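Everything below belongs to protein10.pdb, which stores PDB, C-alpha atoms and all ligand atoms.
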```pdb
ATOM      1  CA  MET W  13     -29.838 -13.240 -27.065  1.00  0.00           C
ATOM      2  CA  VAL W  14     -31.014 -16.897 -27.418  1.00  0.00           C
ATOM      3  CA  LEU W  15     -31.992 -19.291 -24.546  1.00  0.00           C
ATOM      4  CA  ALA W  16     -30.394 -22.810 -24.540  1.00  0.00           C
ATOM      5  CA  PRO W  17     -28.622 -22.627 -27.921  1.00  0.00           C
ATOM      6  CA  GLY W  18     -27.602 -26.086 -29.245  1.00  0.00           C
ATOM      7  CA  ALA W  19     -25.103 -24.729 -31.695  1.00  0.00           C
ATOM      8  CA  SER W  20     -22.478 -22.708 -29.910  1.00  0.00           C
ATOM      9  CA  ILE W  21     -19.345 -24.823 -29.234  1.00  0.00           C
ATOM     10  CA  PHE W  22     -17.215 -26.867 -31.602  1.00  0.00           C
ATOM     11  CA  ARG W  23     -15.667 -30.044 -30.237  1.00  0.00           C
ATOM     12  CA  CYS W  24     -13.351 -32.655 -31.752  1.00  0.00           C
ATOM     13  CA  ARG W  25     -15.567 -35.116 -33.575  1.00  0.00           C
ATOM     14  CA  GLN W  26     -13.306 -38.070 -32.596  1.00  0.00           C
ATOM     15  CA  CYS W  27     -13.206 -37.459 -28.879  1.00  0.00           C
ATOM     16  CA  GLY W  28     -15.095 -34.434 -27.463  1.00  0.00           C
ATOM     17  CA  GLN W  29     -12.190 -32.098 -26.791  1.00  0.00           C
ATOM     18  CA  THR W  30     -13.378 -28.409 -26.675  1.00  0.00           C
ATOM     19  CA  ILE W  31     -11.930 -26.641 -29.720  1.00  0.00           C
ATOM     20  CA  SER W  32     -13.814 -23.424 -30.686  1.00  0.00           C
ATOM     21  CA  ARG W  33     -17.112 -21.518 -30.721  1.00  0.00           C
ATOM     22  CA  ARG W  34     -19.472 -20.236 -33.358  1.00  0.00           C
ATOM     23  CA  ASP W  35     -18.980 -16.657 -31.960  1.00  0.00           C
ATOM     24  CA  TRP W  36     -15.276 -16.964 -32.964  1.00  0.00           C
ATOM     25  CA  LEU W  37     -15.829 -17.575 -36.700  1.00  0.00           C
ATOM     26  CA  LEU W  38     -13.778 -15.114 -38.733  1.00  0.00           C
ATOM     27  CA  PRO W  39     -14.722 -13.972 -42.240  1.00  0.00           C
ATOM     28  CA  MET W  40     -11.232 -13.942 -43.980  1.00  0.00           C
ATOM     29  CA  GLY W  41     -11.651 -12.277 -47.376  1.00  0.00           C
ATOM     30  CA  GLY W  42     -15.381 -11.934 -46.649  1.00  0.00           C
ATOM     31  CA  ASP W  43     -16.212 -15.560 -45.909  1.00  0.00           C
ATOM     32  CA  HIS W  44     -15.421 -17.730 -42.942  1.00  0.00           C
ATOM     33  CA  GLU W  45     -15.608 -20.757 -45.310  1.00  0.00           C
ATOM     34  CA  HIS W  46     -12.731 -21.442 -47.748  1.00  0.00           C
ATOM     35  CA  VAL W  47     -12.584 -24.564 -49.923  1.00  0.00           C
ATOM     36  CA  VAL W  48      -9.060 -25.671 -50.746  1.00  0.00           C
ATOM     37  CA  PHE W  49      -6.933 -28.669 -51.892  1.00  0.00           C
ATOM     38  CA  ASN W  50      -3.615 -29.826 -50.652  1.00  0.00           C
ATOM     39  CA  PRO W  51      -0.785 -31.124 -52.941  1.00  0.00           C
ATOM     40  CA  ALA W  52      -2.188 -34.697 -52.451  1.00  0.00           C
ATOM     41  CA  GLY W  53      -5.477 -33.451 -54.024  1.00  0.00           C
ATOM     42  CA  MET W  54      -7.564 -33.688 -50.843  1.00  0.00           C
ATOM     43  CA  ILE W  55     -10.388 -31.120 -50.682  1.00  0.00           C
ATOM     44  CA  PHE W  56     -11.115 -29.379 -47.383  1.00  0.00           C
ATOM     45  CA  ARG W  57     -13.962 -27.115 -46.300  1.00  0.00           C
ATOM     46  CA  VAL W  58     -11.904 -24.885 -44.020  1.00  0.00           C
ATOM     47  CA  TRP W  59     -13.721 -22.697 -41.466  1.00  0.00           C
ATOM     48  CA  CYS W  60     -11.641 -19.731 -40.237  1.00  0.00           C
ATOM     49  CA  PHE W  61     -11.730 -18.974 -36.503  1.00  0.00           C
ATOM     50  CA  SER W  62     -10.131 -16.067 -34.639  1.00  0.00           C
ATOM     51  CA  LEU W  63      -9.461 -18.276 -31.628  1.00  0.00           C
ATOM     52  CA  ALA W  64      -9.304 -21.966 -30.714  1.00  0.00           C
ATOM     53  CA  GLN W  65      -8.189 -24.054 -27.829  1.00  0.00           C
ATOM     54  CA  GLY W  66      -7.423 -27.712 -26.933  1.00  0.00           C
ATOM     55  CA  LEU W  67      -5.095 -28.114 -29.957  1.00  0.00           C
ATOM     56  CA  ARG W  68      -1.468 -29.009 -30.135  1.00  0.00           C
ATOM     57  CA  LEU W  69       0.513 -26.999 -32.707  1.00  0.00           C
ATOM     58  CA  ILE W  70       3.221 -29.027 -34.304  1.00  0.00           C
ATOM     59  CA  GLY W  71       6.685 -27.820 -35.320  1.00  0.00           C
ATOM     60  CA  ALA W  72       7.504 -24.490 -36.813  1.00  0.00           C
ATOM     61  CA  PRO W  73       5.598 -22.477 -39.371  1.00  0.00           C
ATOM     62  CA  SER W  74       5.918 -22.919 -43.107  1.00  0.00           C
ATOM     63  CA  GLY W  75       4.830 -20.656 -45.988  1.00  0.00           C
ATOM     64  CA  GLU W  76       4.854 -23.537 -48.530  1.00  0.00           C
ATOM     65  CA  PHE W  77       1.580 -23.914 -50.443  1.00  0.00           C
ATOM     66  CA  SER W  78      -0.198 -21.585 -48.009  1.00  0.00           C
ATOM     67  CA  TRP W  79      -3.875 -21.101 -48.926  1.00  0.00           C
ATOM     68  CA  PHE W  80      -3.908 -17.661 -47.280  1.00  0.00           C
ATOM     69  CA  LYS W  81      -1.637 -14.968 -48.745  1.00  0.00           C
ATOM     70  CA  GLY W  82       0.950 -13.626 -46.312  1.00  0.00           C
ATOM     71  CA  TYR W  83       0.492 -16.456 -43.697  1.00  0.00           C
ATOM     72  CA  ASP W  84       2.577 -19.374 -42.662  1.00  0.00           C
ATOM     73  CA  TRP W  85       0.993 -22.514 -41.285  1.00  0.00           C
ATOM     74  CA  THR W  86       1.572 -24.988 -38.446  1.00  0.00           C
ATOM     75  CA  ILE W  87      -0.323 -28.271 -38.259  1.00  0.00           C
ATOM     76  CA  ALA W  88      -2.986 -28.218 -35.527  1.00  0.00           C
ATOM     77  CA  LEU W  89      -3.835 -31.605 -33.901  1.00  0.00           C
ATOM     78  CA  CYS W  90      -6.466 -32.229 -31.354  1.00  0.00           C
ATOM     79  CA  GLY W  91      -4.499 -31.994 -28.154  1.00  0.00           C
ATOM     80  CA  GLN W  92      -6.394 -34.918 -26.680  1.00  0.00           C
ATOM     81  CA  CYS W  93      -6.659 -37.564 -29.435  1.00  0.00           C
ATOM     82  CA  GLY W  94      -4.262 -36.314 -32.132  1.00  0.00           C
ATOM     83  CA  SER W  95      -6.841 -36.054 -34.885  1.00  0.00           C
ATOM     84  CA  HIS W  96      -5.647 -33.525 -37.465  1.00  0.00           C
ATOM     85  CA  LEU W  97      -8.122 -30.711 -37.076  1.00  0.00           C
ATOM     86  CA  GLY W  98      -6.514 -28.013 -39.212  1.00  0.00           C
ATOM     87  CA  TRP W  99      -3.812 -25.385 -39.066  1.00  0.00           C
ATOM     88  CA  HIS W 100      -2.750 -22.386 -37.158  1.00  0.00           C
ATOM     89  CA  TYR W 101      -1.756 -19.445 -39.305  1.00  0.00           C
ATOM     90  CA  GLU W 102       0.616 -16.631 -38.407  1.00  0.00           C
ATOM     91  CA  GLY W 103       3.016 -14.091 -39.763  1.00  0.00           C
ATOM     92  CA  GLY W 104       0.460 -12.132 -41.761  1.00  0.00           C
ATOM     93  CA  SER W 105      -1.536  -8.930 -41.296  1.00  0.00           C
ATOM     94  CA  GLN W 106      -5.068  -7.872 -40.010  1.00  0.00           C
ATOM     95  CA  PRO W 107      -5.171 -10.374 -38.413  1.00  0.00           C
ATOM     96  CA  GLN W 108      -1.597 -11.525 -37.661  1.00  0.00           C
ATOM     97  CA  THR W 109      -2.814 -14.985 -36.715  1.00  0.00           C
ATOM     98  CA  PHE W 110      -5.953 -17.224 -36.979  1.00  0.00           C
ATOM     99  CA  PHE W 111      -7.027 -20.888 -37.188  1.00  0.00           C
ATOM    100  CA  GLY W 112      -8.324 -22.681 -40.290  1.00  0.00           C
ATOM    101  CA  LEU W 113     -10.110 -25.795 -39.026  1.00  0.00           C
ATOM    102  CA  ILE W 114     -11.564 -28.630 -41.136  1.00  0.00           C
ATOM    103  CA  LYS W 115     -15.268 -28.378 -40.735  1.00  0.00           C
ATOM    104  CA  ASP W 116     -16.237 -32.010 -40.986  1.00  0.00           C
ATOM    105  CA  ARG W 117     -13.719 -32.979 -38.258  1.00  0.00           C
ATOM    106  CA  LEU W 118     -15.621 -30.957 -35.663  1.00  0.00           C
ATOM    107  CA  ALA W 119     -18.913 -31.525 -33.935  1.00  0.00           C
ATOM    108  CA  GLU W 120     -21.223 -28.551 -33.131  1.00  0.00           C
ATOM    109  CA  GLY W 121     -23.299 -28.356 -30.002  1.00  0.00           C
ATOM    110  CA  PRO W 122     -24.489 -26.577 -26.830  1.00  0.00           C
ATOM    111  CA  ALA W 123     -22.160 -24.727 -24.378  1.00  0.00           C
TER
HETATM  112  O1  LIG K   1      -2.260 -23.498 -46.157  1.00  0.00           O
HETATM  113  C1  LIG K   1      -1.938 -24.719 -46.286  1.00  0.00           C
HETATM  114  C2  LIG K   1      -1.719 -25.539 -45.177  1.00  0.00           C
HETATM  115  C3  LIG K   1      -1.384 -26.891 -45.392  1.00  0.00           C
HETATM  116  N1  LIG K   1      -1.226 -27.363 -46.670  1.00  0.00           N
HETATM  117  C4  LIG K   1      -0.869 -28.728 -46.950  1.00  0.00           C
HETATM  118  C5  LIG K   1       0.647 -28.860 -46.996  1.00  0.00           C
HETATM  119  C6  LIG K   1       0.958 -30.191 -46.385  1.00  0.00           C
HETATM  120  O2  LIG K   1       1.128 -31.107 -47.518  1.00  0.00           O
HETATM  121  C7  LIG K   1      -0.210 -30.479 -45.508  1.00  0.00           C
HETATM  122  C8  LIG K   1       0.138 -30.281 -44.029  1.00  0.00           C
HETATM  123  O3  LIG K   1      -1.118 -30.362 -43.367  1.00  0.00           O
HETATM  124  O4  LIG K   1      -1.294 -29.579 -45.923  1.00  0.00           O
HETATM  125  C9  LIG K   1      -1.463 -26.511 -47.735  1.00  0.00           C
HETATM  126  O5  LIG K   1      -1.374 -26.962 -48.892  1.00  0.00           O
HETATM  127  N2  LIG K   1      -1.800 -25.241 -47.543  1.00  0.00           N
HETATM  128 ZN    ZN K   2      -9.875 -35.311 -30.501  1.00  0.00          ZN
END
```
Show the structure stored in the file as structure tokens.
Amino acid sequence: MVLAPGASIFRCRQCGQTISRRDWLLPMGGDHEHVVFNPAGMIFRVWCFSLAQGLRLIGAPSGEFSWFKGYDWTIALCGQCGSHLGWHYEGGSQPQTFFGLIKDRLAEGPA
């Protein structure tokens, strides 16, 4: 529907690893963008994706402090460089699983 789009793929900002695509953004509670803080007070602009790749999911899930009701999280690192890119979420409903990735740790560009 658009020739030569420059904004279709998300890659790891620190190394280039393919991570997700704009077509895979997922509006959780009506918005694909959720702004949250961890217990250390860090603010994150979290983009929700249905699907992602090139990550490494660390350990087992935890429900503690989850920003998304009904889901447990696993830390998602870039599988190539180890940069912490976000979290994989599971154990919930409609959808069962998704990714919440930290927007400013990704780079957007052409396929
Ligand atoms: O939904 C989530 C996912 C992660 N964290 C925090 C917990 C932990 O301190 C750190 C792990 O990335 O992020 C949350 O607060 N909520
Ligand atoms: Zn990386």
Practice problem: Apply the PyMOL selection byres (((chain W and resi 65-67) around 9) and not hetatm) to the structure shown and report the selected residues as a list in words. | Solution: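 For this structure, the PyMOL selection byres (((chain W and resi 65-67) around 9) and not hetatm) resolves to residues 29, 30, 31, 32, 63, 64, 68, 69, 88, 89, 90, 91, 92, 94 and 97 of chain W.
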Kindly work out which residues sit at most 9 Å from ligand LIG 1 (chain K), using only C-alpha atoms and all ligand atoms, and give the list as an mmCIF file with C-alpha atoms, in the frame of the given file.
```cif
data_model
loop_
_atom_site.group_PDB
_atom_site.id
_atom_site.type_symbol
_atom_site.label_atom_id
_atom_site.label_comp_id
_atom_site.auth_asym_id
_atom_site.auth_seq_id
_atom_site.Cartn_x
_atom_site.Cartn_y
_atom_site.Cartn_z
ATOM 1 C CA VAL W 48 -9.060 -25.671 -50.746
ATOM 2 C CA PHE W 49 -6.933 -28.669 -51.892
ATOM 3 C CA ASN W 50 -3.615 -29.826 -50.652
ATOM 4 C CA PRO W 51 -0.785 -31.124 -52.941
ATOM 5 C CA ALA W 52 -2.188 -34.697 -52.451
ATOM 6 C CA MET W 54 -7.564 -33.688 -50.843
ATOM 7 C CA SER W 74 5.918 -22.919 -43.107
ATOM 8 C CA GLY W 75 4.830 -20.656 -45.988
ATOM 9 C CA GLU W 76 4.854 -23.537 -48.530
ATOM 10 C CA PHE W 77 1.580 -23.914 -50.443
ATOM 11 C CA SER W 78 -0.198 -21.585 -48.009
ATOM 12 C CA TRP W 79 -3.875 -21.101 -48.926
ATOM 13 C CA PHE W 80 -3.908 -17.661 -47.280
ATOM 14 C CA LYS W 81 -1.637 -14.968 -48.745
ATOM 15 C CA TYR W 83 0.492 -16.456 -43.697
ATOM 16 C CA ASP W 84 2.577 -19.374 -42.662
ATOM 17 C CA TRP W 85 0.993 -22.514 -41.285
ATOM 18 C CA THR W 86 1.572 -24.988 -38.446
ATOM 19 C CA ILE W 87 -0.323 -28.271 -38.259
ATOM 20 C CA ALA W 88 -2.986 -28.218 -35.527
ATOM 21 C CA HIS W 96 -5.647 -33.525 -37.465
ATOM 22 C CA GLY W 98 -6.514 -28.013 -39.212
ATOM 23 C CA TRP W 99 -3.812 -25.385 -39.066
ATOM 24 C CA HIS W 100 -2.750 -22.386 -37.158
ATOM 25 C CA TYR W 101 -1.756 -19.445 -39.305
ATOM 26 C CA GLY W 112 -8.324 -22.681 -40.290
#
```
Exercise. For each of W:106, W:13, W:114, W:59, take the minimum atom-to-atom distance to residue W:46, counting all atoms listed in the file, then give the residue where this is smallest.
Key: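 Going through W:106, W:13, W:114, W:59 one by one, the smallest distance to residue W:46 is for W:59.
Considering all atoms listed in the file, the residue among W:16, W:113, W:27, W:119 positioned nearest to ligand ZN 2 (chain K) is W:27.
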Could you work out an axis-aligned box for stretch 68-78 of chain W, taking every atom the file lists and adding 4 Å on each side, and report centre and edge lengths in Å to one decimal, as lines of an AutoDock Vina configuration file?
```
center_x = 3.0
center_y = -24.8
center_z = -40.3
size_x = 17.0
size_y = 16.4
size_z = 28.3
```
Practice problem: May I ask for the distance between atom CA of residue W:118 and atom CA of residue W:33, given in Å to one decimal place? | Solution: 10.8 Å
Quiz item: Out of W:24, W:19, W:47, W:70, which residue has the shortest atom-to-atom distance to ligand ZN 2 (chain K) when counting all atoms listed in the file?
Solution: W:24
Quiz prompt | Separation of atom CA of residue W:109 from atom CA of residue W:28 in Å | solution =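 Rounded to one decimal, the two atoms are 24.8 Å apart.
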Quiz item: With distances taken over all atoms listed in the file, which of W:72, W:82, W:123, W:22 is nearest to ligand ZN 2 (chain K)?
Solution: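 When distances to ligand ZN 2 (chain K) are compared using all atoms listed in the file, the smallest one comes from W:22.
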Quiz item: Taking into account all atoms listed in the file, which residue in the set W:60, W:21, W:37, W:93 is nearest to ligand ZN 2 (chain K)?
Solution: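 Smallest distance to ligand ZN 2 (chain K) is found for W:93.
When all atoms listed in the file are used to compute distances to ligand ZN 2 (chain K), the closest of the residues W:62, W:105, W:20, W:95 turns out to be W:95.
For the pair atom CA of residue W:103 and atom CA of residue W:55, the separation is 24.3 Å.
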Output stretch 75-93 of chain W as a PDB file, keeping the file's coordinate frame, making sure N, CA, C and O atoms are there.
```
ATOM      1  N   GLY W  75       5.584 -21.400 -44.981  1.00  0.00           N
ATOM      2  CA  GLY W  75       4.830 -20.656 -45.988  1.00  0.00           C
ATOM      3  C   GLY W  75       4.491 -21.522 -47.216  1.00  0.00           C
ATOM      4  O   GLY W  75       3.741 -21.095 -48.037  1.00  0.00           O
ATOM      5  N   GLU W  76       5.069 -22.706 -47.336  1.00  0.00           N
ATOM      6  CA  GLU W  76       4.854 -23.537 -48.530  1.00  0.00           C
ATOM      7  C   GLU W  76       3.417 -23.860 -48.814  1.00  0.00           C
ATOM      8  O   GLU W  76       2.743 -24.303 -47.975  1.00  0.00           O
ATOM      9  N   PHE W  77       2.979 -23.626 -50.026  1.00  0.00           N
ATOM     10  CA  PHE W  77       1.580 -23.914 -50.443  1.00  0.00           C
ATOM     11  C   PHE W  77       0.468 -23.233 -49.643  1.00  0.00           C
ATOM     12  O   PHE W  77      -0.693 -23.628 -49.705  1.00  0.00           O
ATOM     13  N   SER W  78       0.813 -22.221 -48.852  1.00  0.00           N
ATOM     14  CA  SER W  78      -0.198 -21.585 -48.009  1.00  0.00           C
ATOM     15  C   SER W  78      -1.413 -21.117 -48.806  1.00  0.00           C
ATOM     16  O   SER W  78      -1.252 -20.450 -49.827  1.00  0.00           O
ATOM     17  N   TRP W  79      -2.606 -21.456 -48.276  1.00  0.00           N
ATOM     18  CA  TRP W  79      -3.875 -21.101 -48.926  1.00  0.00           C
ATOM     19  C   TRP W  79      -4.275 -19.684 -48.648  1.00  0.00           C
ATOM     20  O   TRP W  79      -5.205 -19.204 -49.207  1.00  0.00           O
ATOM     21  N   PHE W  80      -3.547 -18.984 -47.785  1.00  0.00           N
ATOM     22  CA  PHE W  80      -3.908 -17.661 -47.280  1.00  0.00           C
ATOM     23  C   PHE W  80      -2.673 -16.755 -47.427  1.00  0.00           C
ATOM     24  O   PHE W  80      -1.643 -16.984 -46.824  1.00  0.00           O
ATOM     25  N   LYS W  81      -2.773 -15.787 -48.315  1.00  0.00           N
ATOM     26  CA  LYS W  81      -1.637 -14.968 -48.745  1.00  0.00           C
ATOM     27  C   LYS W  81      -1.047 -14.237 -47.589  1.00  0.00           C
ATOM     28  O   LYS W  81      -1.748 -13.638 -46.807  1.00  0.00           O
ATOM     29  N   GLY W  82       0.270 -14.326 -47.436  1.00  0.00           N
ATOM     30  CA  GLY W  82       0.950 -13.626 -46.312  1.00  0.00           C
ATOM     31  C   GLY W  82       1.063 -14.449 -45.035  1.00  0.00           C
ATOM     32  O   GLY W  82       1.674 -13.957 -44.054  1.00  0.00           O
ATOM     33  N   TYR W  83       0.486 -15.661 -44.937  1.00  0.00           N
ATOM     34  CA  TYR W  83       0.492 -16.456 -43.697  1.00  0.00           C
ATOM     35  C   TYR W  83       1.300 -17.712 -43.870  1.00  0.00           C
ATOM     36  O   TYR W  83       1.268 -18.346 -44.963  1.00  0.00           O
ATOM     37  N   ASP W  84       1.903 -18.138 -42.764  1.00  0.00           N
ATOM     38  CA  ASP W  84       2.577 -19.374 -42.662  1.00  0.00           C
ATOM     39  C   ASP W  84       1.778 -20.256 -41.750  1.00  0.00           C
ATOM     40  O   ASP W  84       1.170 -19.793 -40.805  1.00  0.00           O
ATOM     41  N   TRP W  85       1.807 -21.563 -42.020  1.00  0.00           N
ATOM     42  CA  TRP W  85       0.993 -22.514 -41.285  1.00  0.00           C
ATOM     43  C   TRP W  85       1.797 -23.469 -40.444  1.00  0.00           C
ATOM     44  O   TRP W  85       2.943 -23.815 -40.799  1.00  0.00           O
ATOM     45  N   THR W  86       1.140 -23.922 -39.369  1.00  0.00           N
ATOM     46  CA  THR W  86       1.572 -24.988 -38.446  1.00  0.00           C
ATOM     47  C   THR W  86       0.434 -25.949 -38.322  1.00  0.00           C
ATOM     48  O   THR W  86      -0.693 -25.564 -38.110  1.00  0.00           O
ATOM     49  N   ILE W  87       0.711 -27.231 -38.436  1.00  0.00           N
ATOM     50  CA  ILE W  87      -0.323 -28.271 -38.259  1.00  0.00           C
ATOM     51  C   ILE W  87      -0.914 -28.199 -36.856  1.00  0.00           C
ATOM     52  O   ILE W  87      -0.159 -28.045 -35.831  1.00  0.00           O
ATOM     53  N   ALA W  88      -2.238 -28.215 -36.786  1.00  0.00           N
ATOM     54  CA  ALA W  88      -2.986 -28.218 -35.527  1.00  0.00           C
ATOM     55  C   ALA W  88      -3.670 -29.597 -35.327  1.00  0.00           C
ATOM     56  O   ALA W  88      -4.583 -29.968 -36.023  1.00  0.00           O
ATOM     57  N   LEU W  89      -3.201 -30.324 -34.317  1.00  0.00           N
ATOM     58  CA  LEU W  89      -3.835 -31.605 -33.901  1.00  0.00           C
ATOM     59  C   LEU W  89      -4.761 -31.354 -32.753  1.00  0.00           C
ATOM     60  O   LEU W  89      -4.513 -30.431 -31.923  1.00  0.00           O
ATOM     61  N   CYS W  90      -5.808 -32.136 -32.638  1.00  0.00           N
ATOM     62  CA  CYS W  90      -6.466 -32.229 -31.354  1.00  0.00           C
ATOM     63  C   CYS W  90      -5.444 -32.568 -30.308  1.00  0.00           C
ATOM     64  O   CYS W  90      -4.763 -33.602 -30.366  1.00  0.00           O
ATOM     65  N   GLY W  91      -5.424 -31.780 -29.221  1.00  0.00           N
ATOM     66  CA  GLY W  91      -4.499 -31.994 -28.154  1.00  0.00           C
ATOM     67  C   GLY W  91      -4.781 -33.246 -27.332  1.00  0.00           C
ATOM     68  O   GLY W  91      -3.935 -33.664 -26.542  1.00  0.00           O
ATOM     69  N   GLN W  92      -5.984 -33.787 -27.436  1.00  0.00           N
ATOM     70  CA  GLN W  92      -6.394 -34.918 -26.680  1.00  0.00           C
ATOM     71  C   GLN W  92      -6.140 -36.171 -27.515  1.00  0.00           C
ATOM     72  O   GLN W  92      -5.364 -36.982 -27.071  1.00  0.00           O
ATOM     73  N   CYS W  93      -6.751 -36.306 -28.689  1.00  0.00           N
ATOM     74  CA  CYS W  93      -6.659 -37.564 -29.435  1.00  0.00           C
ATOM     75  C   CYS W  93      -5.687 -37.559 -30.609  1.00  0.00           C
ATOM     76  O   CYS W  93      -5.420 -38.618 -31.153  1.00  0.00           O
TER      77      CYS W  93
END
```
